[PDB]
Amino acid sequence: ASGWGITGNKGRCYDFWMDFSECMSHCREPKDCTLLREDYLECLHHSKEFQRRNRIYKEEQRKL
Amino acid sequence: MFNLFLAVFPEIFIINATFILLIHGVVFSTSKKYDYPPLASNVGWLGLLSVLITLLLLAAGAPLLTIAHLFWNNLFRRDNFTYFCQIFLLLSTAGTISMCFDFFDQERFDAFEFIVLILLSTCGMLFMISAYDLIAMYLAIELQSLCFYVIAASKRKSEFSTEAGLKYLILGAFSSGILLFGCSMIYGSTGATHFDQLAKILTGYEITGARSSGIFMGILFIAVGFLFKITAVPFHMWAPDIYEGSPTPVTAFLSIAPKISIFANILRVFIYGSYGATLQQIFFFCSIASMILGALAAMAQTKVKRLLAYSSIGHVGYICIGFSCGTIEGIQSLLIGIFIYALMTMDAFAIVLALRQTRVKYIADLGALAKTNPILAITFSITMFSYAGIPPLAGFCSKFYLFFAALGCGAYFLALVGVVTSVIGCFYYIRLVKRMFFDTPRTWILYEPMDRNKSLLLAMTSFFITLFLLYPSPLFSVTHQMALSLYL
Amino acid sequence: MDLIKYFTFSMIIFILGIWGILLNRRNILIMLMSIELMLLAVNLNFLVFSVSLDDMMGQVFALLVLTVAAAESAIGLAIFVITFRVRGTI
Amino acid sequence: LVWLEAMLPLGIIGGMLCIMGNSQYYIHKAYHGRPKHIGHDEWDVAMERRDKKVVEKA
Amino acid sequence: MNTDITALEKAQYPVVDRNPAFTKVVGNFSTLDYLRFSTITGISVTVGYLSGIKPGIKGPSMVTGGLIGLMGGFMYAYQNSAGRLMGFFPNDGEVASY
Amino acid sequence: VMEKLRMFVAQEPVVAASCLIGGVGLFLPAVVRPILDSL
Amino acid sequence: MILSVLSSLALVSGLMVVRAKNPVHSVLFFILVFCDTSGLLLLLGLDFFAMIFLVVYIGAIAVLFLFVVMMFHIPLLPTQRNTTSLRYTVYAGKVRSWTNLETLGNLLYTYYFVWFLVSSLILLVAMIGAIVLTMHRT
Amino acid sequence: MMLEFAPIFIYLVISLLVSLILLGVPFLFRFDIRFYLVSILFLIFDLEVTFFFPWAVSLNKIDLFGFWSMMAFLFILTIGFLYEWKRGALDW
Amino acid sequence: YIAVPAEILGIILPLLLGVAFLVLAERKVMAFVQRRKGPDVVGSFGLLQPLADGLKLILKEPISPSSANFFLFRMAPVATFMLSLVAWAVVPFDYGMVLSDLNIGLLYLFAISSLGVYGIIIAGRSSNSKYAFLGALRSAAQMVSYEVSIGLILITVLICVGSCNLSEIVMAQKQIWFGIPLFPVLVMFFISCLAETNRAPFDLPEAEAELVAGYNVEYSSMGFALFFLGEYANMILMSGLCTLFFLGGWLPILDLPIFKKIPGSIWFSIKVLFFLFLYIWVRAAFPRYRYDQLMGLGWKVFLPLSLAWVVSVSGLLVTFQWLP
Amino acid sequence: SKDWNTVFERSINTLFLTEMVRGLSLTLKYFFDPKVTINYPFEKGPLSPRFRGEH
Ligand SMILES: CCCCCCCCCCCCCCCCCC(=O)O[C@@H](COC(=O)CCCCCCCCCCCCCCC)COP(=O)(O)OCC[N+](C)(C)C
Ligand SMILES: CCCCCCCCCCCCCCCCCCCC(=O)O[C@H](COC(=O)CCCCCCCCCCCCCC)COP(=O)(O)OCCN
């Protein structure tokens with residue numbers, strides 16, 4: 001969220017964080033920017049892609 | 001490239017003055033020409049001068065300390081609240097240093113490193129109040145904690161000091177470990193450490209739609225660490241022992257300056273800890289427990305410094321009442337109570353160091369003090385009544401407006417417990433007045449007069465305490481400005 | 001799973017340090033090395049979290065924690081040395 | 001001249017340090033064809049992996 | 001290094017010379033600045049003298065106090081002069097020369 | 001100042017040499033660098 | 001499998017630390033904890049910190065403890081069926097790839113430099129406190 | 001990257017085996033305080049060297065600012081070391 | 001991938017033989033200084049003497065006291081031998097003649113050098129002898145004290161190079177060797193390595209029966225042999241490091257004539273031989289330091305001076321922008 | 001008492017180990033000289049007619 005990367009290029013989840021911060025800078029309520037906030041948080045640790053892939057694996061395995 | 005340093009400008013001076021004092025006191029305390037002079041009063045006076053000079057440097061540049069704020073943004077952000085907290089912390093440190101001068105001569109404790117370590121702890125506290133991050137806060141906490149561990153066991157051949165120093169060390173390291181675990185486990189779940197970027201991704205969403213276990217648990221761990229630092233029940237495992245064993249000038253400084261900085265840290269954390277379901281109730285419960293335990297534990301205490309330690313714990317509970325409200329008036333009551341408690345603690349420890357000349361240990365030693373030294377007797381009685389919250393004195397205004405803030409949030413259970421604990425504490429406060437105005441024991445103990453430093457500080461504090469409810473407007477206005485500056 | 005095997009390991013190390021510091025009033029040595037174990041656990045937390053989400057605010061603080069831990073150990077051993085010269089209690 | 005007698009063990013250790021150095025070369029070139037490369041950063045290892053893949057597909 | 005000097009609270013007075021140089025603010029020391037830079041040094045020297053008579057360090061303590069006071073007084077004079085230059089102080093003496 | 005300096009140097013040649021070397025190493029980027037950067 | 005065995009060995013050593021009777025064996029298992037967690041850091045990607053752990057914890061802190069002790073006595077479920085070559089490598093970041101030291105010293109000494117000086121002050125405080133407590137010069 | 005440590009680990013294993021068999025073959029046929037102070041001094045200067053390593057490598061990237069920020073750290077710890085010097089912690 | 005142990009053995013066995021022959025080399029070149037000949041009856045010119053010593057130590061069944069601890073008293077020589085041997089995995093010989101091409105080679109060497117202190121601490125305590133324990137503790141303190149000087153000199157070298165890779169440092173000396181500009185740093189590094197390995201005027205471990213008797217006073221044939229092998233391997237390693245940093249590792253002297261097209265693997269060897277000759281010369285040239293003045297010397301002559309050299313080199317490079 | 005010209009020479013000599021390289025070079029002069037030891041089994045030391053040995 002700070003910008004500095006491990007390999008010295010750029011933060012992996014820095015573009016999403018900066019987009020969320022910029023949009024929330026000029027938004028009165030915080031419930032209009034929860035669309036981007038969830039996106040940034042998911043980009044941090046993949047809270048939905050992993051669920052999707054795990055559900056794919058489970059529904060494939062349940063074919064027995 | 002040099003004008004950017006006007007923001008951190010006073011801290012540079014205090015660091016450089018500490019280095020100069022260390023160099024002077026190590027060069028001239030070993031020379032055979034001056035046959036190893038004590039060199040403790042000299043370093044103490046020079047350190048008091050340095051603290052006053054950096055206080056002037058900080059106060060005069062009020063419109064300063066804000067330029068190049070973008071450059072310093074990642075490191076520390078000092079708004080109006082930070083300025084007013086630092087200008088008071090420096091005053092308290094200067095008062096303590098001026099207090100602990102006769103202790104360097106009559107006790108014959110000539111170790112100049114004491115003042116140098118006090119100065120370094122003061123710089124750590126200054127770095128702590130403006131620490132607008134999860135890293136600078138921990139670094140400054142450790143910086144003050146190391147100096148405190150070292151100076152708690154400063155007297156080596158004694159037995160209570162070293163044991164208390166070891167226990168303080170263990171408790172502080174354990175607290176720091178918990179706090180650092182909390183900081184790490186909220187960094188890994190949010191990706192951010194700076195307070196601007198931490199009060200933006202969780203302020204609008206705390207448990208409303210869903211919750212994350214990591215961030216809540218880390219917030220709880222941070223709160224546990226902070227409560228350990230301020231010695232709030234039940235996180236007070238060894239604090240009275242630390243107050244007993246530590247040298248009296250140390251515990252005079254150990255119960256005033258650190259609490260101000262830690263409470264500034266808690267206030268700065270509260271601007272992002274917007275959960276309301278993880279921070280307010282824990283501090284509410286801890287405040288109730290601290291008041292109850294302090295009131296029922298200082299009743300049985302027969303020593304003097306143990307009673308002061310438990311009274312400080314009870315006052316910390318009353319202080320936490322005002323933070324539990326979580327409103328502007330709550331924070332205002334918080335700051336007013338902190339200021340009043342700091343002044344009153346300076347008063348009480350000025351008394352204790354005054355009576356330290358003849359090694360006062362128990363509450364009964366100061367018996368029949370109304371005849372030998374009537375003026376000191378009435379001063380100490382006024383201090384005890386100010387602790388009791390007796391109306392016509394300072395120390396009642398703080399508890400008054402604290403209770404008013406508590407009723408502002410509708411926490412009626414807090415008010416009743418506060419009343420009961422106030423009555424109980426008033427009883428054992430006036431118990432001291434009984435021991436030294438009414439009861440006349442067969443054996444009398446005579447106390448030698450004090451020095452001009454303690455006497456002048458005592459007179460100023462005693463006139464402040466009694467005559468405060470006639471002109472309290474400046475404190476109320478400055479505390480409201482400080483509380484209102486916390487958020488905007 | 002790879003992040004779980006790191007975080008659980010660090011958390012169990014932290015809990016083990018808590019146990020070591022909270023199972024004996026005597027034996028100051030292990031009660032003080034439990035602090036170092038706790039610092040190791042939190043340092044590993046910082047490093048793993050920094051690598052996992054590609055940010056270099058955990059590595060800087062991880063490196064700075066080294067000095068705090070070393071200074072705490074040094075002061076602890078100083079106090080432990082001076083406590084025998086008065087008491088001599090293990 | 002006789003001082004070369006003491007220099008004989010030094011010559012032994014020098015030459016056998018030399019063979020210690022050259023052993024990790026004459027056999028690394030043996031089973032990789034090309035010798036070791038000083039460096040091998042992320043770009044280099046990616047290039048080696050891609051070369052392995054393209055030779056495997058070729 | 002990328003530096004950006006800018007105050008959140010803008011200067012209330014004229015804002016001439018937004019980023020002055022070190023020798024420039026050193027050369028802008030008015031009579032008041034010299035006076036307040038000298039009084040602090042004098043107080044520090046005399047405090048170092050009076051404090052260091054019991055241990056027996058009659059002069060070196062005075063020298064150390066002089067160093068401390070000199071640094072503090074120069075710091076105060078620089079702070080006042082610079083703050084006057086960036087604008088957020090009552091100047092009435094710099095706009096006259098500018 | 002020329003009488004105590006030689007006494008100090010005579011007693012501690014190593015400390016004096018280290019001080020001179022460090023002084024040169026700190027003097028080069030404090031004086032030579034600002035004037036060399038302006039050509 | 002390399003991670004699990006290393007973590008288990010580290011856990012066993014740590015458990016023996018807080019249970020060993022004589023302090024020397026506890027200190028040696030304490031050393032072993034860092035010895036087997038440095039490898040865990042190393043296989044995670046960070047090589048600088050792996051060596052710093054050896055140099056500091058079992059190079060300076062552990063030898064300090066030894067000197068004192070000698071006297072005074074939602075995971076992704078394993079799916080390799082179609083998740084083994086989907087790794088989209090980007091060659092833009094491979095050219096001029098900084099090691100651990102370069103990308104850390106880029107910003108340790110320049111941007112977050114006050115925390116560096118606060119650490120320096122902490123070290124000075126420790127150095128001062130280590131001599132005002134333990135000294136019997138004669 | 002980290003693939004250069006596998007030869008080191010295997011070398012360590014082989015060295016352990018050789019050392020073990022070397023001593024397995026023949027079977028077929030009062031308190032001081034200066035030490036603690038010097039150990040702490042070593043710990044402090046070891047931390048100094050640990051901090052020096054990133055500075056020296058990344059020294060061309062940061063010029064005239066990183067150098068002086070490191071010299072300030074060196075000055076602080078040199079003041080500390082000078083204090084150690086006069087307090088009789090270096091000579092015996 | 002099965003050929004890695006082949007490389008490891010090709011590193012280990014010649015190095016053990018090198019230690020064995022270095023013992024003979026010193027016992028002969030020190031004897032030649034004192035109007036002697038050394039062992040010249042066993043082999044051709046004693047060339048079979050190290051084999052005789054090794055076989056005699058293989059025989060002569062160990063006494064194995066193991067009074068305090070069976071394990072630690074037996075494990076300490078193993079640990080010190082492993083630490084002595086393991087640092088050779090990163091030393092580069094000519095170009096690709098290096099086992100592991102680490103990017104943190106200097107830090108790895110520093111860690112290995114500082115990690116060998118335990119081998120003379122647990123070994124010292126394991127023997128139930130006050131004269132062994134106290135002497136081993138003091139020797140450990142000396143090595144720990146000179147470790148920081150070693151590290152500071154390494155930082156001085158690293159400033160000019162710009163990378164921690166060992167093979168890159170030698171390639172950085174194409175223009176000139178580092179012994180030319182910063183020669184006093186080379187002298188300090190050599191003296192510190194003398195103190196680090198307990199050799200020449202700092203070797204209090206072989207101070208007979210004075211306050212220091214040695215950590216290996218009561219050891220059987222093979223444990224004493226392992227300690228001896230390990231610390232002579234350390235001697236060879238430090239000579240190699242000293243000639244790799246401040247001298248060209250494999251680069252020719254001045255490559256002006258035409259006969260300097262010979263393989264670079266022997267330039268390293270002859271330079272290491274030169275530094276070993278200096279080691280033995282200094283041993284049989286000067287008397288010993290007492291331990292009290294050794295500590296003061298190592299803390300007040302080599303730490304401030306190495307710090308000043310670090311500061312001066314860094315300032316000079318930054319001032320003129322002569323940075324890598 | 002010093003004159004700023006002798007302290008320089010003395011400090012330099014104590015800093016460059018001149019008195020140590022003096023002995024270092026001295027010890028090397030016998031390295032290349034002929035040796036003195038005798039091969040005892042073949043050539044033995046000179047005795048005297050008055051030597052007292054086995055009766
Ligand atoms: C410029 C370097 C900046 C960094 C310096 C860091 C230094 C930090 C620690 C400071 C230590 C200062 C030690 C210097 C004092 C050395 C002694 C000395 O110079 O004073 C003399 C003499 O000093 C004096 O007499 C007067 C002192 C000067 C006071 C004038 C005003 C203060 C100076 C202004 C500020 C100083 C600026 C220095 C240059 C920047 C001592 O005389 P006595 O010992 O008292 O006489 C003999 C006593 N007896 C008969 C018993 C044998
Ligand atoms: C709010 C309403 C009530 C407040 C009323 C305030 C009234 C205005 C203030 C009145 C002040 C009157 C002072 C009269 C002048 C006395 C001057 C004496 C100075 C002096 O003698 O020098 C030294 C005394 O230290 C000293 O005297 C200076 C040190 C004093 C320490 C004071 C520290 C102030 C900073 C912290 C204050 C607390 C702030 C808490 C928020 C040496 O003394 P000596 O010559 O006798 O010889 C040594 C004996 N030991």
# chains A, B, ... in the order shown; residues from 1 in each chain; ligands from 1
>>> residues_near_ligand(ligand="ligand 2", cutoff="8 Å", atoms="only C-alpha atoms and all ligand atoms", output="ChimeraX atom specification")
/B:52,88,91-96,98-99,101-102,339,342-343,346,450-454,456-457,459-465,467-468
>>> write_last_selection(atoms="N, CA and C atoms", output="short mmCIF file (atom, residue, chain, number, x, y, z; two decimals), in the first residue's frame")
data_model
loop_
_atom_site.label_atom_id
_atom_site.label_comp_id
_atom_site.auth_asym_id
_atom_site.auth_seq_id
_atom_site.Cartn_x
_atom_site.Cartn_y
_atom_site.Cartn_z
N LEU B 52 14.73 23.82 29.35
CA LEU B 52 14.07 25.12 29.25
C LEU B 52 14.31 25.76 27.89
N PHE B 88 3.70 20.66 27.18
CA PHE B 88 3.38 20.28 28.55
C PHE B 88 4.29 19.17 29.06
N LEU B 91 7.47 20.75 30.13
CA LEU B 91 7.31 21.42 31.42
C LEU B 91 7.34 20.42 32.57
N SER B 92 6.66 19.29 32.41
CA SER B 92 6.68 18.28 33.47
C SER B 92 8.08 17.72 33.67
N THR B 93 8.80 17.46 32.58
CA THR B 93 10.17 16.97 32.70
C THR B 93 11.07 17.99 33.41
N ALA B 94 10.94 19.27 33.05
CA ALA B 94 11.74 20.30 33.70
C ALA B 94 11.41 20.39 35.18
N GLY B 95 10.13 20.29 35.53
CA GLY B 95 9.75 20.29 36.93
C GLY B 95 10.36 19.14 37.69
N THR B 96 10.33 17.94 37.11
CA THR B 96 10.92 16.78 37.78
C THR B 96 12.43 16.93 37.95
N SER B 98 14.19 19.73 38.11
CA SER B 98 14.43 20.72 39.16
C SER B 98 14.12 20.16 40.53
N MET B 99 13.13 19.27 40.62
CA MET B 99 12.79 18.64 41.88
C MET B 99 13.94 17.77 42.39
N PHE B 101 17.16 17.68 42.60
CA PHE B 101 18.49 18.24 42.80
C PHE B 101 19.02 18.02 44.21
N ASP B 102 18.21 18.27 45.24
CA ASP B 102 18.65 18.01 46.60
C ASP B 102 18.92 16.52 46.81
N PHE B 339 -4.03 16.75 32.81
CA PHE B 339 -3.30 17.93 33.27
C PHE B 339 -3.39 18.08 34.78
N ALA B 342 -1.38 15.38 36.57
CA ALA B 342 0.06 15.63 36.48
C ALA B 342 0.49 16.69 37.48
N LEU B 343 -0.25 17.80 37.56
CA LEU B 343 0.11 18.84 38.51
C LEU B 343 0.04 18.33 39.95
N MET B 346 2.94 15.99 40.70
CA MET B 346 4.13 16.79 40.96
C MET B 346 4.11 17.35 42.38
N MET B 450 13.81 22.03 53.36
CA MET B 450 14.09 21.65 51.99
C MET B 450 14.89 22.74 51.28
N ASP B 451 15.11 22.55 49.99
CA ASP B 451 15.83 23.52 49.18
C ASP B 451 14.85 24.45 48.47
N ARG B 452 15.41 25.45 47.78
CA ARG B 452 14.57 26.45 47.13
C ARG B 452 13.84 25.89 45.92
N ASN B 453 14.40 24.87 45.26
CA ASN B 453 13.75 24.29 44.10
C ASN B 453 12.41 23.65 44.48
N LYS B 454 12.46 22.70 45.41
CA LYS B 454 11.24 22.03 45.86
C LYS B 454 10.28 23.02 46.49
N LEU B 456 9.89 26.29 45.92
CA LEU B 456 9.26 27.15 44.92
C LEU B 456 8.25 26.37 44.08
N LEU B 457 8.63 25.17 43.64
CA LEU B 457 7.69 24.34 42.89
C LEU B 457 6.46 24.02 43.72
N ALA B 459 5.19 25.78 46.27
CA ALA B 459 4.36 26.97 46.43
C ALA B 459 3.55 27.24 45.17
N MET B 460 4.18 27.14 44.01
CA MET B 460 3.47 27.40 42.76
C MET B 460 2.35 26.39 42.55
N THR B 461 2.63 25.11 42.78
CA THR B 461 1.61 24.09 42.59
C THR B 461 0.48 24.23 43.60
N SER B 462 0.80 24.58 44.84
CA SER B 462 -0.23 24.73 45.86
C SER B 462 -1.14 25.92 45.57
N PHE B 463 -0.57 27.02 45.08
CA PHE B 463 -1.42 28.13 44.67
C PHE B 463 -2.22 27.81 43.42
N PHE B 464 -1.68 26.99 42.52
CA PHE B 464 -2.47 26.58 41.36
C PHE B 464 -3.65 25.72 41.77
N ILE B 465 -3.45 24.80 42.71
CA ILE B 465 -4.50 23.85 43.06
C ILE B 465 -5.67 24.55 43.73
N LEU B 467 -6.51 27.89 43.94
CA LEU B 467 -7.09 29.03 43.25
C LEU B 467 -7.40 28.73 41.79
N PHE B 468 -7.70 27.47 41.46
CA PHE B 468 -7.97 27.10 40.08
C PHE B 468 -9.43 27.31 39.69
#
>>> interface_residues(of="chain E", to="chain B", cutoff="7 Å", atoms="only C-alpha atoms", output="ChimeraX atom specification")
/E:3-8,48,51-52,55-56,64-65,68,72,76,88
>>> closest_atom_pairs(of="chain E", to="ligand 1", cutoff="10 Å", atoms="only C-alpha atoms and all ligand atoms", output="Markdown table")
| residue | atom | partner | partner_atom_place_in_ligand_line | distance |
| --- | --- | --- | --- | --- |
| E:41 | CA | ligand 1 | 35 (C) | 8.0 |
| E:42 | CA | ligand 1 | 31 (C) | 8.6 |
| E:44 | CA | ligand 1 | 32 (C) | 9.3 |
| E:45 | CA | ligand 1 | 32 (C) | 6.2 |
| E:46 | CA | ligand 1 | 31 (C) | 9.1 |
| E:48 | CA | ligand 1 | 32 (C) | 9.5 |
| E:49 | CA | ligand 1 | 29 (C) | 9.0 |
| E:56 | CA | ligand 1 | 51 (C) | 8.1 |
| E:57 | CA | ligand 1 | 45 (O) | 6.7 |
| E:58 | CA | ligand 1 | 45 (O) | 4.9 |
| E:59 | CA | ligand 1 | 45 (O) | 3.9 |
| E:60 | CA | ligand 1 | 15 (C) | 4.0 |
| E:61 | CA | ligand 1 | 12 (C) | 7.1 |
| E:62 | CA | ligand 1 | 29 (C) | 6.0 |
| E:63 | CA | ligand 1 | 32 (C) | 4.8 |
| E:64 | CA | ligand 1 | 10 (C) | 4.6 |
| E:65 | CA | ligand 1 | 32 (C) | 7.8 |
| E:66 | CA | ligand 1 | 35 (C) | 4.3 |
| E:67 | CA | ligand 1 | 35 (C) | 5.1 |
| E:68 | CA | ligand 1 | 35 (C) | 8.4 |
| E:69 | CA | ligand 1 | 35 (C) | 8.0 |
| E:70 | CA | ligand 1 | 35 (C) | 6.5 |
| E:71 | CA | ligand 1 | 35 (C) | 9.4 |
>>> atom_distance(atom1="atom CA of residue 111 of chain G", atom2="atom CA of residue 1 of chain A")
16.0 Å
